[PDB]
Structure formats: C-alpha cells, structure tokens
Amino acid sequence: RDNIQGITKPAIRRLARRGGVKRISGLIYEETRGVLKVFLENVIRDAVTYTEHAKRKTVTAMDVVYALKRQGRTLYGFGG
Amino acid sequence: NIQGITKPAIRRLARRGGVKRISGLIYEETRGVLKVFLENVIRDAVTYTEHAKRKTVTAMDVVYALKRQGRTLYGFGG
Amino acid sequence: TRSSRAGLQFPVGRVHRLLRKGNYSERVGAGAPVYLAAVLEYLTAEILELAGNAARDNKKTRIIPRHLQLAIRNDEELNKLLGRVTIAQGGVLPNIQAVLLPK
Amino acid sequence: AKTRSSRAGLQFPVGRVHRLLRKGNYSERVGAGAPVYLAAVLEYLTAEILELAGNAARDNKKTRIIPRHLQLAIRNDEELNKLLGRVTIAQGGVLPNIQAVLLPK
Amino acid sequence: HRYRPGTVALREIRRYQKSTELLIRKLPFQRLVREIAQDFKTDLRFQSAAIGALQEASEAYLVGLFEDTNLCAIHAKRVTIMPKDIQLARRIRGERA
Amino acid sequence: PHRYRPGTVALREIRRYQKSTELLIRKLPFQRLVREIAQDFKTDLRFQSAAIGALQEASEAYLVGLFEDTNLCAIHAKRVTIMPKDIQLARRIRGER
Amino acid sequence: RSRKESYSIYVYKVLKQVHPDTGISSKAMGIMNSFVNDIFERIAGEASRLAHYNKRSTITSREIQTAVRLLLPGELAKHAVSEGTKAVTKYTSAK
Amino acid sequence: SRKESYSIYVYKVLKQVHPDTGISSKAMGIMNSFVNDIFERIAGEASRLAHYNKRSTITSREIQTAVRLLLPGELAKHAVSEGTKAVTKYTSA
DNA sequence: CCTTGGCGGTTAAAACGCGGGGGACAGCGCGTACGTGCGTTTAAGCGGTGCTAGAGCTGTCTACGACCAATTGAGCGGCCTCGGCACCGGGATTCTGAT
DNA sequence: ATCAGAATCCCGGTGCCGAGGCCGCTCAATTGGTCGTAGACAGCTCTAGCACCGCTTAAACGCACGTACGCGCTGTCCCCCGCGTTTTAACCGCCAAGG
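Keep in mind that residues are numbered from 1 along each chain as the sequence reads, not by the entry's scheme, and that residues without coordinates are left out. All chains are assigned letters beginning at A, and all ligands numbers beginning at 1, according to the order in which they are written. Taken together, the chains in view make up part of a larger assembly, and the values describe this part alone. Note that the side-chain values use all heavy atoms of the structure and ignore hydrogens as well as water.

Per the deposition metadata, cryo-EM was the technique used to determine this entry, at a resolution of 7.9 Å.

Chemist: Help me out: how do you make sense of the protein's contact with DNA strand J in this one?
Modeler: Among the 46 residues in the neighbourhood of DNA strand J, the closest are listed as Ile 22 of chain B, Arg 5 of chain C, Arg 26 and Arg 46 of chain F together with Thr 58 of chain G. In the interface set of DNA strand J, defined as its atoms within 4 Å of the protein, sugar plus phosphate atoms amount to 98%. Polar contact is defined as a pair of N or O atoms within 3.5 Å, subject to the rule that within protein one atom must be able to donate a hydrogen and the other to accept it, and that residues adjacent in sequence are counted only when both atoms are side-chain atoms. Measuring from a phosphate oxygen of DNA strand J, one finds a backbone N or O atom of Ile 22 of chain B at 2.4 Å. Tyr 3 of chain E places a polar main-chain atom, nitrogen or oxygen, 3.2 Å from a phosphate oxygen of DNA strand J. The element contributing the most residues to the surface near DNA strand J is helix α2 (residues 26-37) of chain E, with four residues. Residue type decides the class: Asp, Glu, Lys and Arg count as charged, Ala, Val, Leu, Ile, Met, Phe, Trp, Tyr, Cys and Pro as nonpolar, and the leftover types, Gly among them, as polar. Partitioned by chemical class, the residues of the surface near DNA strand J number 13 nonpolar, nine polar and 24 charged. Throughout, the term near means that a residue has one or more heavy atoms lying within 4 Å of the molecule or strand in question. Helix and strand definitions here come from DSSP, where helices need a minimum of 4 consecutive H or I residues and strands a minimum of 2 consecutive E residues; each element is numbered from the N-terminal end.

Chemist: Please clarify how the nonpolar core should be interpreted in this entry.
Modeler: Buried together is how nonpolar side chains tend to be arranged in soluble globular proteins. Residues belong to a common nonpolar core when they are buried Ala, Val, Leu, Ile, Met, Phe, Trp, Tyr or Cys residues joined through side-chain atoms within 4.5 Å. Classification of residues uses two cut-offs on accessible area relative to the type maximum, computed with a 1.4 Å probe and protein chains only: under 20% is buried, over 50% is exposed, and between them is partly exposed. Core analysis: the biggest nonpolar cluster contains 60 residues, and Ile 42 and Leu 71 of chain H have the highest contact counts within it. Elements with a minimum of two residues in this core: α2 (14-22), α3 (34-59), α4 (67-76) and α5 (79-83) of chain D together with α1 (7-15), α2 (25-52), α3 (60-70) and α4 (73-92) of chain H. Counting residues per element, this core draws most heavily on α3 of chain D, at 14 residues. Whether two residues are in contact is decided by their heavy atoms, any of which lying within 4.5 Å being enough. Discounting chain neighbours no more than four positions away, the residues touching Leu 71 of chain H are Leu 45 and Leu 83 of chain D together with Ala 76 of chain H. In this structure, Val 15, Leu 43, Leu 48 and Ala 51 of chain C belong to the second largest nonpolar core, which totals 55 residues.

Chemist: Help me out: how do you make sense of the packing of helix α1 (residues 9-19) of chain A against helix α1 (residues 8-19) of chain F in this one?
Modeler: To characterise two packed helices, one gives the angle between the axes of the helices and the distance between these axes. One way to put it is that α1 of chain A packs onto α1 of chain F with a least axis distance of 8 Å and a crossing angle of 80°. Comparing the axis directions of α1 of chain A and α1 of chain F gives the class roughly perpendicular. Listed contacts from α1 of chain F to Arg 14, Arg 17 and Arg 18 of chain A of α1 of chain A are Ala 10, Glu 13, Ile 14, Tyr 17 and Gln 18 of chain F. A class-by-class count of the residues in the contact of α1 of chain A with α1 of chain F yields three nonpolar, one polar and four charged. Where helices are involved, their axes are fitted lines through C-alpha atoms of the stretch in contact, as for all axes, and angles between N-to-C directions lie from 0 to 180°. Should an angle fall under 35 degrees it is called roughly parallel, over 145 degrees roughly antiparallel, and 65 to 115 degrees roughly perpendicular, with every other angle called oblique.

Chemist: Sorry, what's going on with empty space enclosed by the protein here?
Modeler: Any empty space left between the atoms is revealed when a probe the size of a water molecule rolls over them. A cavity, in this analysis, means grid points on a 1 Å lattice covering only the protein atoms where a 1.4 Å probe fits yet has no way out; a pocket is instead an open set bounded by protein on both sides within 12 Å along at least five of seven lines, and a residue lines either one if it has an atom within 4 Å of a point. Grid points are joined across faces, edges and corners, and a volume is the space filled by probe spheres set on the points. Overall, the coordinates contain 15 cavities of 30 Å³ or more when judged by the stated rule. By volume, the largest cavity amounts to about 160 Å³. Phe 12, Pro 13, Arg 16, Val 17, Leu 20, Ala 39 and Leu 42 of chain D together with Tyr 6, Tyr 9, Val 10, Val 35 and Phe 39 of chain H are the residues that line the largest cavity. Counting residues per element, the ones that place at least two in the lining of the largest cavity are α2 and α3 of chain D together with α1 and α2 of chain H.

Chemist: Any chance you could explain the protein's contact with DNA strand I here in plain terms?
Modeler: Residues in contact with DNA strand I amount to 44 residues; listed here are only the nearest, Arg 20 and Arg 62 of chain C together with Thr 7, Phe 46 and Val 79 of chain E. Near the protein, meaning within 4 Å, the atoms of DNA strand I are sugar or phosphate in a fraction of 97%, with bases accounting for the rest. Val 79 of chain E places a main-chain nitrogen or oxygen 2.5 Å from a phosphate oxygen of DNA strand I. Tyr 10 of chain G places a polar side-chain atom, nitrogen or oxygen, 2.8 Å from a phosphate oxygen of DNA strand I. Elements that contribute at least two residues to the surface near DNA strand I include exactly α1 (7-17) of chain B, β1 (27-28) of chain C, β1 (45-46) of chain E, α2 (27-39) of chain F together with α1 (8-18) of chain G. Counted by class, the surface near DNA strand I contains eleven nonpolar, ten polar and 23 charged residues.

Chemist: Could you clarify how one ought to interpret the side chain of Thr 49 of chain A in this entry?
Modeler: Turning to its location among the elements, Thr 49 of chain A is positioned in helix α2 (residues 28-53). On the basis of relative accessibility, which here comes to 6%, the residue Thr 49 of chain A falls in the buried class. Each residue touching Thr 49 of chain A, except ones within four places of it in the same chain, is listed here: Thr 66, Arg 69 and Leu 70 of chain G.

Chemist: I'm lost on α3 of chain D in this one. Help?
Modeler: Because the α-helix completes a turn every 3.6 residues, residues three or four places apart line up on one side. Residue and element names in this part refer to chain D. For α3, which comprises 26 residues, the first-to-last C-alpha distance of 38 Å matches the rise-based estimate of 38 Å (1.5 Å per residue) to within 8%. Counting buried positions over the 26 residues of α3 gives 19, a clear majority of the element. A positive backbone phi angle near 55° is found at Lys 61, which sits one or two residues after α3. Expected span of a helix, by definition, is 1.5 Å for each gap between consecutive residues, and there is one gap fewer than residues.

Below, the structure is given as structure tokens:
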C-alpha cells in the first residue's frame, strides 16, 4: 500500500541532479511517479508472461533481460 | 541539384505537418536532414543490391533497408 | 483441406510450409498454424471492420487506403501496434491545433 | 596447425562459433570460412573497445577496468555511440555533462 | 481584396490534410536521388518502384518531423518554428549522437 | 558553517552525482513497489534479487533519459524551472505512452 | 514466369463476410498482404525466441499463445486468445 | 554447470592489447553480453539476406555484407580489411 | 522484358516584387514559488535464525512429428463487362472581413 | 451584429477502366502408413527466498525564511504571409535500343 510514495521526494531530487536538472518544481514529482508506474507495468507484464510460459513459480533475472530485449532498451551485465 | 526541393513544396509539407508560419532557415535545415536520411537509406539499399550482385535497385532492397532502420513501410509487398 | 476442418478462411498448409522454409525452429507442431490462422483472421477482421466504418464515413463503396490510414490511426491499440509503420498513400489525421485558431 | 584458431592466427575460437552457428536456425548449411570471418570481426570490435577502456583506466590511473570506465569509453567515441545508443550498461552513470546556461555568470 | 494572415494558412492546412497524393513531384526528386546514389557506384539503373517508395518515405518522415517541431515551437511559447526546434526534436529522437 | 546563495548546492550535487556511480532510489521501497504491481497480475510470486536490481537499473536509465530530454526542453524554452508540460512534450516526441 | 503468391482471395472472403456491401481496391489488398506478412514475421520471431529461451524446439500452440499475448496490446490479445483457443478446440475435437 | 562463457578469450585479447591491465567480473559479464549481442545481430541479418536472395546456406560473403549493413563507414572498412586478411591467411595456409 | 532517353508542347508551378501587420523580442515589475538549514523525525539496512517452495537434475516412455508416395481440387494465369467513381458545370451554402 | 462576396460543399452527368466474375488447368496440400526421439512426467535434493528480529544510524521532514526566476504587461521592429506578375520546367506522349 502507497509504495508509489516509497519513491521519495529526495529520490526524485537525486535522479534529477544526476541527469542534470537544476530547478525542480513541486508538480513534477507525482507525474514522475506515474511515468515510473506505467513503465514498470509494461515491464512486469512481460516478465510475468515469460515466467508463466516457463511453468515456474519464480521470476528470474534472465526473463527480465529477455523482456527488455523485447522492448528495445537492452540491458547488459547481468547475463544473456 | 538539391534545389529541385522548392520553397513552396517545403511549405506544403509544413502545412500537412501542422505548422502555421515558417521562418527562413528551416529550408536549409530541412535540406540537410533530408540529405542525411536519404544517404543512410541509399547506402543500405545499395549494400543489399551489391549482395544481390545486380545493377538495378529493387523495390525490395528499399523495403528491407527501411526494415533495417526500424521504419517499416507497407504497400509494396515486403 | 484442413481449413474448413477448423472453419476459417486462411490456409493451414501454406502457413505450415512457411514455418519450415523460414527455419523458425526445427519442427512444427500440429495445431499451431491453425492457432496462428485464427489470430491473423481476427486481426484482419477488426481492421477491415474499422475500414468499413471509414468507408461509411466518406460514403464510398470500395475501400481506398486513406480509409485504411484513418481507421488504423483512430483506434488506440491499432495506433499502438501500427504506429511505427507508415503506410503508402496514407496521409495523416484531420488535425488542427486549437491554440493556433484565430479569434 | 591443428586448431583452426591457430590456422587463422586469432583468439576467438572459430570452433565454438561453429557449434553455435550449427544450433542457430540460420540457414541449412554453414560454410567453413564464414565463422573465421565472423571471429575476426568480433576480435576487432573487442580490441576497439578495450583500447578505449585502457585509455579510460589510464586517465584515472586505475588498474582494474571498472564499468564506469567502460561507459565513459563508449560515450567518448562517436561511432560507438551511434551503434550502441539504444544499449544501456549497468553500473554506468552518464557523461560528466554540464549545460551552458546552468553555470552561474 | 486582401485577407487576414491565418485565413489562407489554416485553410490550406485543412485543404492539405485530406489528399495523400505526393507533393514533392517526380523528376527533380528523381534527379536528386540519382545524384545522391551516384557516389556509391557508377551508373546504377533504377526501378520506378524504389523511387516511389523513397518519395513516400521522405514525405511521411518530414510530416512526422514537422509534427514534433511544431509541438516544440508551441511549447516554448511561440507560434512560428525556427531551426533550433528541429535541432531539439532530432536531439530527442536520438539521431544526433 | 555558513549559507550562500541558492545554486552552489545544485552544482555541487551535479558534480557529486556525476562523480558517483551507484543507485539513487533505495532498495526496499522499490522492492515493495515491484511486488505491489506484480501481485496484481499473478498471485504469490517469488523473486531473484538480481532481477529487482535490473529493474532498478532500467528504471534509473529511463528516468535519466526522460530528465535529459526534459532539461533540453526547458533550456530550449528559456526557462530553468521545469514544469510537467515539459514532460508532456518529451513523452510526446519519444512517442512512448 | 515465376508463380508468385498473395493473400487476395482469403482476405477478400473475410471482407465479404463482415461487409458484404463493400468493395476494395487492389492497392489496399497489397497493403493488407504486407500487413499480414509483418504480423506473421513478428509472431515467428517471438516464437523463435521462446524456443531459444526455453531450451526446446517443439513449437506447440502454447508458445504461439504467449507470443500473441506479448506482441499485441491487451484486450485485443484477449479476444485473440479467445479466437485461437476456440479454433484449436473445434479443430482437435473433430478431425 | 558447464555454462560456457567468453572469459579467457577476452583475457587473451586484453593481454595482447594492454598487457598489464586487470579487469573485474561484472565488466567481463558486460563484454560477454556485448559479444552475444553482436553475434545475434550479425547472424540474424545474415539469415535475413539468405531468405532475401533465397540462398539456403552461409558463406563468408553474407557476413561481409552484413557487417557492411550494421556498422557505419570507418569501423566497417577496418572490419572488412581484418576479415579479408584473416580469411586469406586461413585460405592459403 | 524493362529502363533510359530524346524531343515537342504545354500550363501550372515556382520565382520574384512588395507592403503591412502582426508575431518575436526586450525590458521590467514583482512577488510569490521554492532553495537552504535544522533540529526533528523516519526507517533502511546490515547482520543473524531458521524454514521449505520449488528450481533443477535424472530417467522413461510413448506419443506425436519427419518423412514417403499417390492425388485432386482449389488457385492461379488469362479474359471480359460493368458500374463506381474522377471529374464537368451549377447552385447553394458557409465562412470571414469591411462595415 | 451586417452584409458582400469569394471559397467550398454538393448535386446531377459521364464514360471508362480496374474489380470482379468466369474458364482451363496443375502442383501443392491431402491422406495415410512407418519410423524415432523429444518431452511430459515422477521422484530427489538441496538452494535460495522468505519471514522475522535488534540495533543502529544515516537519511527523510515541516517549516521558517529569504529570494529569484516565472510570468504578466508594455513597447518595439521588420519578417513573413499573402497577392500581382513574369518566367519556366515537370509532365504527357511518343518512339526506340539495348542491356
């Protein structure tokens, strides 16, 4: 419950500073939380898809990598 | 050469694209971006044609080259 | 044929040939191209449905590809799938930015 | 020379490439010089990246190459940025990048 | 007599969001494409179908580019485009590295 | 032990974080967010930890790319105060919805 | 004189089912043929990667099902799973 | 198990480029994912060309024009030179 | 069989002159939206303690696919006729600007 | 508003030209039998995930407070948008040749 606010205001501030943002408004935060939510929706839909077709009750990192390969946002480093 | 791309045709493309009023240097910027994109496409097309060992650019080389761009086009049987 | 043995309009044999001459795996299962034929026919059914409504829009009987383009772009999910594929003779939607409208 | 690696004088083993190309569903038959050509191209690309990796480890005077060095080495090239732009490496970070109007006048 | 500005412009936006016939006409665009291709191999013959496909692809790609350009130029509180809008949009789409 | 004008802390955080490497969003709230969205599609999952770290990596990548495009839109609009219509323009022009 | 193929008659019969008082241009038929070829290659590639990431090579209809739910947007894929499962049952219960 | 990787091969590459430079485990994993990515890209593009001219086998020429397709100009030219040199050296010897 | 290419005639497309007016830009007020600290509060996380779904390996066995050989009936090349539609002229409407 | 008046839609006409109906035929999909091997499945084992606990400690918080950039308003100035005019080349149509 309410784990979208587990994304803290200083976390959005920190990711703004790493990306290069200087002046952060107050209306940005929940829009950022919503975009993060939609992204995680599509990704975990594909992850559960590959998990169910594995016929295994555990989600692996390899499945996450393969789903990201299905996106176009390919992640190296963790195998596959 | 490049100047078959007339000013009012670029204006018509701005009309269909949704643009009301046009500056001046849009013309040169459009010619530059147009030239870059056509260079990439024709290089992939003639690479397909040179693997086909033939002298004439097919439609199919164009279609699969735009497939390679992630810019898939229908209508021409690919 | 096997087509009316599942009651469709798309063949099973041609698709079963294409799954071997595409080298998409080693072997091809029994009913999987039937499944694929059903999927394809449902897709083109929805497409030609909205295409027919687009034909009703400009009051024509034979489908012109502008009607195809508008029917693809109007639906949300059909603009999601076929958004990265432009279509020859397609055009775009009737689109006017309201912030450009004169007073 | 017994091994085809020695017959090619390269280091990426052409035989393991050949085994993966047989179980690859790519054509019916696989030639005998194509995995040689492919292993040469892969060796050239790995050298092309590890060169900039060595330069990145040398710019910070660090011995073991870390993935930060890898990310900086990828973004410092222009052609390797044009290739791998839709690729995102873990542990990377980004370029040290500051815009124009952000610095205090 | 004379109209006001925006009458003719938006009227032709209406008049040109309906016909999908090509606007960059055939022969100068053809001479341009042969000029571009000339520096890849000498004296290559052309089908008409490849020329038609690249003509369609060119006009469609510039339609999409102009859409993102005009959305930038309105979003930065202006009405008329300028080439740094195109630079901004192409920087967004990841063509310029 | 002093206070200066607003902006020095900003550039100091930019330098400190472009020097830094690792995660900005912490682990456990991100884990519980993933489990919240994950249970709503299938009941009673079990997870590899590296999978969740990969999710975190992709999330940070996507947000950093969105912020880079947002800041480019802002600096284009002659503003430094970003507003949510900048993110509107950004996720319009990337076309990812 | 190579005997080339298309999909004109099958899609044309589908059109005559759902819209009997409706014609079609042949250009649109080429468009739809390209469309079906695209959909077919995408489903083939997803079935391919399913076969690779499962360490098997026997393509059942279940792999095609999970590829259908991947590639297509949600509710349309739900109806697609309905159509596919119905066709599987009607083809395998009878002969 | 016998999960085969590309570890010692890129170790030999690094010893024959920067001969006194170490490297980490996860960086080697990044290199492994890199080689598998480029391998799948070139093999898939070669299979596409095999179907696009209806030629059911693979020679080196498809690989040559495939790396012409993927990489842009200068790196492609160097890779073509490297591949032709290694192929000719494997050919005559 | 399809691509180039030479020539003649044209009308529409573009180039160019031109004026004015309205949009971009500067400046500035201002003031309220938000960076910065600071104690004040929150809770992450790091290390221990067990538990046991379930991932994964091993064997098996058979049940489904790869393929061999005849076949046949739809699909495909070709050929016609039509009626749907681009376009021609009229009238009516529907916008917008001078007023 | 208020009307004059171009711009555009819209309605009957038309002929003509691709869409579709139809004929002749052929080869690919069908049927069916035979082999073989992959995978579904049952059982094992032991690994990692999970839930939970103690303590801590570094990090998030509300708000006071200054302050600076966002934004509204006004003024400027010349850049395009639009229209009359002159030039001009893309296109249509034909007609070979030759690769």
